[PDB]
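Peer 1: Have a look at this one.
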Amino acid sequence: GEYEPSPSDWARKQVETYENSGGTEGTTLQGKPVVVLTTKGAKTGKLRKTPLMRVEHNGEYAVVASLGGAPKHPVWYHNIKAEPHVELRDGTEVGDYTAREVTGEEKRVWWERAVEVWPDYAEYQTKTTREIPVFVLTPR
Ligand SMILES: C[C@H](OP(=O)(O)OC[C@@H](O)[C@@H](O)[C@@H](O)Cn1c2nc(=O)[nH]c(=O)c-2cc2ccc(O)cc21)C(=O)N[C@@H](CCC(=O)N[C@@H](CCC(=O)O)C(=O)O)C(=O)O
């Protein structure tokens, strides 16, 4: 698409609409649901808000840290590593979670859930040179 913003400017615009509307607008991407993760900034201490694909199961969520399978980690990856207490907004509702990087069978199961929501995640694997981080968020 020739007449679209950069992916970074799109993410900024989406998170702005999402937050300013109290989760009543801007909550989808290609028809698929998006959440807003709030993390504590590792360096600055500021609260940082990031739109991510919604992957949910019985009140837990998972988030995938991957810029299209590229190896450089998103900055919010570092915020979670430093501070596991995060907030997650799903539409009009928000809550507190403990985020942890998962491994093994747990990671495989959540990855399958994520690929059902956002099939492109499977394609990203073909570009990888580092593990793809997956976090599971449990209510707290
Ligand atoms: C460009 C950078 O963003 P980032 O945290 O590297 O994240 C890159 C992307 O993951 C981010 O744009 C995502 O929202 C993109 N994104 C997804 N990204 C994903 O990785 N996974 C997804 O499933 C996903 C879905 C998605 C859906 C909609 C959408 O609009 C965007 C989506 C950024 O926002 N810069 C900030 C960083 C803010 C920050 O947290 N800084 C820390 C720095 C700490 C340190 O560097 O150690 C601080 O304040 O101290 C800034 O500096 O102003």
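Chain lettering (A, B, ...) mirrors the order of the structure tokens, residue numbering begins at 1 for each chain separately, and ligand numbering begins at 1 in order of display.
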Please identify all protein, DNA and RNA residues within 7 Å of ligand 1, counting only C-alpha atoms and all ligand atoms, and report them as a compact mmCIF listing (two decimals) with C-alpha atoms, in the first residue's frame.

Peer 2:
```
# COMPACT_ATOMS: atom_id res chain seq x y z
CA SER A 8 6.00 3.08 13.79
CA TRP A 10 0.80 3.76 12.71
CA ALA A 11 1.56 2.15 16.11
CA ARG A 12 1.75 5.61 17.72
CA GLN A 14 -3.29 3.47 17.17
CA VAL A 15 -2.17 3.60 20.79
CA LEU A 29 -5.77 -4.44 13.16
CA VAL A 34 -5.42 -5.52 19.75
CA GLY A 41 10.35 2.28 31.32
CA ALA A 42 13.64 0.50 32.17
CA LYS A 43 15.71 3.70 31.91
CA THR A 44 13.31 6.58 32.37
CA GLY A 45 10.79 5.07 34.82
CA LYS A 46 7.97 6.47 32.68
CA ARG A 48 5.07 3.28 28.28
CA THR A 50 2.38 -0.45 23.41
CA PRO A 51 -0.32 -1.89 21.11
CA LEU A 52 0.08 -5.69 20.68
CA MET A 53 -2.03 -8.51 19.27
CA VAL A 63 2.24 -11.28 23.98
CA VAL A 64 4.78 -11.90 21.23
CA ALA A 65 7.86 -9.67 20.94
CA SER A 66 8.69 -9.77 17.19
CA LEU A 67 9.19 -7.11 14.52
CA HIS A 73 14.08 -6.81 20.48
CA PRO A 74 11.41 -4.12 20.81
CA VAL A 75 12.20 -1.70 23.64
CA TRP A 76 9.18 -2.87 25.68
CA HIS A 78 13.49 -4.67 28.12
CA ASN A 79 10.88 -2.93 30.26
```

Peer 1: Within segment 51-98 of chain A, find each residue whose DSSP state, derived from the backbone, is strand (DSSP E or B), and express the selection as a PyMOL selection string.

Peer 2: chain A and resi 51-53+56-57+60-64+67+70+85-90+93-98

Peer 1: Could you check which of A:84, A:7, A:33, A:91 is closest to residue 21 of chain A, using only C-alpha atoms?

Peer 2: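 Among the listed residues, A:91 lies closest to residue 21 of chain A.
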
Peer 1: If you count only C-alpha atoms, which residues fall within 10 Å of residue 22 of chain A, apart from same-chain ones fewer than 3 positions away, as JSON, numbers by chain?

Peer 2: {"A": [16, 17, 18, 19, 25, 26, 89, 91, 92, 93, 94]}

Peer 1: When you draw a straight line from atom CA of residue 68 of chain A to atom CA of residue 111 of chain A, how long is it in Å?

Peer 2: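 Those two atoms sit 14.7 Å apart.
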
Peer 1: Considering only C-alpha atoms, state which residue in the set A:47, A:99, A:82, A:134 is at the smallest distance from residue 113 of chain A.

Peer 2: A:134

Peer 1: Run DSSP on the backbone of this structure and report the residues of segment 27-91 of chain A it assigns to alpha helix (DSSP H), as a ChimeraX atom specification.

Peer 2: /A:75-82

Peer 1: Counting only C-alpha atoms, which residue out of A:72, A:127, A:140, A:49 sits closest to residue 36 of chain A?

Peer 2: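 Answer, going by the shortest atom-to-atom distance: A:49.
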